[PDB]
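Enquirer: so I've got this experimental structure, pasted below with the sequence.
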Amino acid sequence: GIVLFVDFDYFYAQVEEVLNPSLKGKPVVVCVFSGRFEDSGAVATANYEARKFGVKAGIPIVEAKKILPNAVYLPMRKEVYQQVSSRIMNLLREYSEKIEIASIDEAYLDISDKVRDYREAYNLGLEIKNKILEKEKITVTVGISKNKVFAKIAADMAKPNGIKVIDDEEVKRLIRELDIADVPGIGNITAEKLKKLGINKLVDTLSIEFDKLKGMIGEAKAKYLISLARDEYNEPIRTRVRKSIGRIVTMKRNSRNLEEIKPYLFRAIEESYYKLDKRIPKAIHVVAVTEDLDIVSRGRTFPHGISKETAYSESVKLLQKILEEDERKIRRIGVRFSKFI
DNA sequence: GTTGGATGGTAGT
DNA sequence: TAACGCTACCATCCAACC
Ligand SMILES: Nc1nc2c(ncn2[C@H]2C[C@H](O)[C@@H](COP(=O)(O)OP(=O)(O)OP(=O)(O)O)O2)c(=O)[nH]1
Ligand SMILES: [Ca+2]
Ligand SMILES: [Ca+2]
Ligand SMILES: [Ca+2]
């Protein structure tokens, strides 16, 4: 089994540099302006020049501008980046039809039937990197290993503009030596719980009682880590099937007034239903981000598909329930559809 | 006993 | 000082169903 994982470098910012090459070589910050006041919002991503100074995905735009007042600030044009992404995913499908698109900028290819060893895989990785450069002028990072998890780890190690193979001997080394916090799916909360248990490396999961591990981090995470530690993780590459589709928007000002919130909620439903593209959902959830940035939701699953008209009717009832059951003001409001027929 | 929807936690991007 | 946006998968609680 040979898996090749590709992740596009500083993606949104890189696309903007392709579209305007005078930007290349200096700080570029792509921003999600929320409209609440001038420069309210968050950074979607920045190029590596901006990252040197701490400007990166998730920080407030006002904070970025405090640090780098003279950087180029651009509004997120997600439809444009999606056009580029879709073209690159099509390029990748020419190298293998067994492709799992995992995000707007990354995919796993099962290349087992396309190459015979890691030497051939590495050369295919370079061909892929060259193809994407020729066609789209986008640099990417490639990770290659025996499964999805280690191909991802390989790319994480090699970025930006990298290519890295983690062969069988290195997999066994990493099971002993890799900080378990750097394993995909282990965030800060799980990492701290593992630490308390004295689990610092994957190999350490083999000498703790499963019941103790399970009790602390849950059954699914425990089984996942053990499978990796035994070098028996074998999750197949599978075609991505979207399970939910939604939109959430930021309100100009916080509110508990139904008629004030409704316009935003309806905008979210319209954009959401458009996104559905022939999909027919049986479940709807109204999602509210409260004034203190907590996320609350109310939902309903129907025995049949939900028409746009039913989505309008039901969403108001769900927003009403949130208001009735939660005293706090609402800051962001939206909808998510799921359980597609 | 057992499912599985409602709601939220965790992760990552 | 400010905190967008989107999606996946898992856990818990509890009403409905064996
Ligand atoms: N709105 C928004 N978009 C994000 C956020 N994080 C990532 N994205 C978008 C913009 C990124 O360019 C794109 C791909 O995510 P990545 O995690 O792979 O980061 P990126 O490619 O920008 O940097 P890279 O060199 O991988 O580190 O997805 C975020 O917090 N908010
Ligand atoms: Ca990336
Ligand atoms: Ca990525
Ligand atoms: Ca981590």
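Expert: Arrived safely, thanks for sending. Numbers count the residues shown, from 1 in each chain, chains lettered A, B, ... in the order given. Ligands and ions are numbered 1, 2, ... in the order given.

Enquirer: tell me the domain boundaries of chain A?
Expert: A:2-10+A:78-166, A:11-77, A:167-233, A:244-336 (curated CATH domains).

Enquirer: using CSV, please lay out these together with mean neighbour count.
Expert: (C-beta placed from N, C-alpha, C; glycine too.) CSV is the format used below for these (neighbours: other CB atoms under 10 Å):
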stretch, mean neighbour count
domain A:2-10+A:78-166, 19
domain A:11-77, 17
domain A:167-233, 15
domain A:244-336, 16
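
Enquirer: surely residue A:140 touches residue A:131?
Expert: No: Residue A:140 is beyond contact range of residue A:131, at 10.0 Å (criterion: CB atoms under 8 Å).

Enquirer: the most centrally placed residue in chain A: what's it in contact with?
Expert: Compute the mean C-alpha point of chain A, and by CA atoms, centre = their mean the closest residue is residue A:103, 5.5 Å away. Contacts of residue A:103 were listed using CB atoms under 8 Å, 6 or more residues apart in numbering, and none were found.

Enquirer: and it, what are its phi and psi?
Expert: phi -160, psi -180 (degrees, to the nearest 10).

Enquirer: also residue A:207?
Expert: Residue A:207 adopts backbone torsions of phi -120, psi 20, taken as degrees, to the nearest 10.

Enquirer: sorry, back to before: gap between the residue nearest to the centre of chain A and residue A:11?
Expert: Remark: distance between residue A:103 and residue A:11 (CB to CB, to the nearest Å) = 9 Å.

Enquirer: ok, now residue A:133?
Expert: The gap separating residue A:133 from residue A:11 is 14 Å, by CB to CB.

Enquirer: kindly report the same for residue A:211.
Expert: Shown here: residue A:211 relative to residue A:11, a distance of 42 Å by CB to CB.

Enquirer: ok, now residue A:221?
Expert: Taken as CB to CB, the span from residue A:221 to residue A:11 is 28 Å.

Enquirer: same check, this time on residue A:33
Expert: 19 Å.

Enquirer: ok, residue A:237 next?
Expert: From residue A:237 to residue A:11 the distance is 21 Å (CB to CB).

Enquirer: next up, phi/psi of whatever residue of the stretch 101-250 of chain A ends up closest to DNA strand C, please.
Expert: The nearest approach of the stretch 101-250 of chain A to DNA strand C comes at residue A:218, 3.0 Å away (CB to the nearest atom of the strand). Phi and psi for residue A:218, reported as degrees, to the nearest 10, are phi 90, psi 160.

Enquirer: what's the answer for residue A:193, then?
Expert: The phi/psi pair for residue A:193 (degrees, to the nearest 10) is phi -60, psi -40.

Enquirer: let me know the secondary structure of residue A:222.
Expert: Following DSSP: H, G, I helix; E, B strand; the rest coil, the label given to residue A:222 is helix.

Enquirer: ok, it touching residue A:211?
Expert: No: using CB under 8 Å, residue A:222 is not in contact with residue A:211; the gap is 9.2 Å.

Enquirer: near DNA strand C, which residues of the stretch 1-150 of chain A are found?
Expert: A:32, A:34, A:36-37, A:40-42, A:44, A:57-58, A:60-63 (CB under 7 Å from any atom of the strand).

Enquirer: that older thread, reformat the domains of chain A as JSON lines; add distance to ligand 2.
Expert: Listed next are the domains of chain A as JSON lines, based on distance: least, CB to the ion, whole Å:
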{"stretch": "domain A:2-10+A:78-166", "distance to ligand 2": "4"}
{"stretch": "domain A:11-77", "distance to ligand 2": "5"}
{"stretch": "domain A:167-233", "distance to ligand 2": "14"}
{"stretch": "domain A:244-336", "distance to ligand 2": "22"}
